[PDB]
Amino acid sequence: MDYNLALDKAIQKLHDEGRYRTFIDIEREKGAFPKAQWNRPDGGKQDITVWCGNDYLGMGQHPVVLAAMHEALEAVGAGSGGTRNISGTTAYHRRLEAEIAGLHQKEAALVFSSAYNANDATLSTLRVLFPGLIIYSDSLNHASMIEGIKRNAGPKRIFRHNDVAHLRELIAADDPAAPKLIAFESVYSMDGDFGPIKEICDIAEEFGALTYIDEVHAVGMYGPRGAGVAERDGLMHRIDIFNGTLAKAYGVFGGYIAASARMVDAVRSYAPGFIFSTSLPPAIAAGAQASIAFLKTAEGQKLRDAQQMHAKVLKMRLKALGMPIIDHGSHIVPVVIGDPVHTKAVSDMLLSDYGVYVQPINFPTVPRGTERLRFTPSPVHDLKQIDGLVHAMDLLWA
C-alpha cells in the first residue's frame, strides 16, 4: 500500500468532480461590517463586501456583545480550563443555559462546543436512552443531524424533503410500540425554505413520536423574541427538543439543545460528546448570553425587521434582472448556477472585479447539479451596497 498514492487519488477525485474547495482568507472590519479585508493569494490586500456570511444580524460587532466578552476575559481569563465535570462549569455557562431555556420556554438547556456537536451527540445518545428508537429524518437534514442519526447503529427512515405524506406512510408502516423521533429543520440552509412544523407536530402527536427541530438558521431571526419559526407560528410547546447555534445570528460561537430537565440531565449524563470535551470559554458564553438577551428586546426586533426588509429588496432586484433566484420567503437568497466549475468562475469574478464575496457552494453542501451562490443580506447591508451588488451581477451576465 502507498498511503500517499491513495491520498492523491482522493484529492484528484475532487478536482475531477469540480468540487475542490479554495478558501478565501478574510478579516472582517469590526464596526464596519459587512466590510472586510481580503488577503489575496498574491500577498495583496483588498477591501471587499461580505455577502455570504452567517453573522446574519451583525451581532459579531455589537458593542454589548463585545463589552461582555472583554469583561469576562478580564474577570476569569481565556478559557474554562476543564470539561463541565472537571472545573469547566462556570456561572457564565449556566447563566447562558438559563437564557437559552427561557428563549425556547423550556425547563433546561445544554451548551456544546457547536450546534454540530449538539446534533451529533444528542441524536446518537437518544438511541441509547430509548432502546429501539426509530428516527425519521428529512432528506435534506444538515450533515450534523445525518451523522448523529447514523452514528450508533439503529433504524432510520428518510422522508422526501418537506413531504409530510411520505412521513406518514413511513411511520404508519413501523411497529407502533417502538419509540419514535422525527428530526427536521425550521429553515433549510441552502434552499432557504421552511419545514412544515405544524404538520409534523400533528403527525408526531398522532403516532406518539418525539419532535426534534434544528432552528440553527432561525434563532435570533424569527419570532417576536428571536426564538425561531416555532415561536413565530406559536408552536414551541409542541416541540420536544430544540437545537440551535450561538454562532450565526447570535454572532458568537457554540451551540445547544433545549428541552425538559429530564431530557437535558440524561443527555448531559450519557453523551460522550458533552462529557469528554473542554467547556466553551467563559468569554464566548458571556457574549452569546448578551446576544440572546439583546435579541429578545424590541431593539432586537428592529434588526429582524431590517433583515427581512433587505432580503425582500434584494430578491425583488434580482428577479428584476431575470436571474435564477429561488424564493421561499426567508432571509436566505440562493442563486442556482447548477455547475460547480461555472459557480466558482462567477464567484471568482465577483470577488476580484467588484469586491463582492459570495463563496461558490457545491457538493456535499448541496446536491450535485444544484451548485449555487448564497446571499445573506443583513441589517448592515444597506440600500447602497445592495445597489453595489446588483450592478456587478448585471455587468457580469453580459
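Don't overthink the numbering: it's just position in the shown sequence, from 1.
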For this session: Taking the mean of the C-alpha B-factors per stretch from the entry, tell me the winner out of 311-319 and 255-263.
Result: 311-319
Problem set entry | Segment of higher mean CA temperature factor, 53-61 or 361-369 | 361-369
Seminar exercise, completed: Per the deposited entry, the peak Cα B-factor within the set 239, 183, 75, 146 goes to 146
For this session: Tell me, please, which of 120, 214, 138, 169 has the highest C-alpha B factor according to the deposited entry?
Result: 169
For this session: Please place residue 218 in the lowest, middle or highest third of its chain by C-alpha B factor as given in the entry.
Result: middle
Seminar exercise, completed: Here the Cα B-factor of residue 189, set against its chain, lands in the third termed highest
For this session: Give the position of residue 70 by CA B-factor within its chain, expressed as the lowest, middle or highest third.
Result: lowest
For this session: Please place residue 99 in the lowest, middle or highest third of its chain by C-alpha B factor as given in the entry.
Result: lowest
Exercise. Considering only modelled residues of the same chain, in which third does the CA B-factor of residue 162 rank: lowest, middle or highest?
Worked result: middle
